[PDB]
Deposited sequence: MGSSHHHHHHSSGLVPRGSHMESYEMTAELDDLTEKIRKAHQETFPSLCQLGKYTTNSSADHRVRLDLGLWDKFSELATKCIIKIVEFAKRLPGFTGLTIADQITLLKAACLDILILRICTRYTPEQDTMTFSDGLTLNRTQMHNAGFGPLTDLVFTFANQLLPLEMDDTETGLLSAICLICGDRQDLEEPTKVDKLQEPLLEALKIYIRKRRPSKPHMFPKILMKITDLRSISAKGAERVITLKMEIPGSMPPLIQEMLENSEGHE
């Protein structure tokens, strides 16, 4: 029931917590609503849902950038690096965020405006062959009982990654990630009373296998959507 004194890490944790909540609404503090564009059977692509989903995707990527600039030291990196980090982590954070909006008993996921889609609608909106992979991840997350604090730190840790190809100052990025890992660890300790640190980090590796496929889902969607892929989505997954 005792913990050492860690003032500075506690401030960082708080800043990242706020940065997260403020750039990503809580499921409970959200006015969920339903649609039905094609909740009955899975189809190649429900254009009506894609239009909505793609609009929500554009906005959430915007918020992620907003979240990135709120991370201590992020803006201190070079512009090229910031862009590099964002492009490499965007999808990972997107998956993590949507899966945090999972309502297991109704098997749905809620978007930032409240739109709540079920598994079939998620598929028809554009996830296609990823639907199951993402839902499984959402389910494997429930036992961890992560809060916005942990989600923000985990997202921050995923973003600020020195092992990204093309970084001009990797060691500078590595220096920013250290406090984050330690803050996540320290935090897990006071909260969860006691082997969750490695367990939660291991989830980053699960995210990579899913984001790996998401890159190929973009190519596929390009050939099936009416116009062109929303520009911001193109910059982040090209």
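- Unmodelled regions of the deposited sequence, numbered from residue 1: 1 to 21, 215 to 216, 262 to 267.
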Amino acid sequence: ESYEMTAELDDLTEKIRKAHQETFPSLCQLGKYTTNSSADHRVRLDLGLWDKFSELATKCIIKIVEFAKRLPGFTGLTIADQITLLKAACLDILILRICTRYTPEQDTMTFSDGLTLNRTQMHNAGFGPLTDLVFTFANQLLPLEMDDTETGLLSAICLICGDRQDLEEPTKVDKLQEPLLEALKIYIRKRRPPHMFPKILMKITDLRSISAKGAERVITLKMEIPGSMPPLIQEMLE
From here on, numbers count along this sequence of modelled residues.
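- Stretches 158 to 166 and 88 to 96 differ in mean C-alpha B factor, with the higher average recorded for 158 to 166.
- Looking at 39 to 47 and 184 to 192 together, the entry lists the larger mean B-factor for 39 to 47, computed on C-alpha atoms.
- Ranked by Cα temperature factor within the chain, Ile200 sits in the lowest third according to the deposited record.
- Among all modelled residues in this chain, the alpha-carbon of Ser211 has a temperature factor (C-alpha) in the lowest third.
- The deposited CA B-factor of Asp132 belongs to the middle third of values across its chain.
- For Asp148, the recorded CA B-factor ranks within the middle third of the chain. Only modelled residues enter the ranking.
- In this PDB entry, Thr58 carries a Cα temperature factor that places it within the lowest third of its chain's modelled residues.
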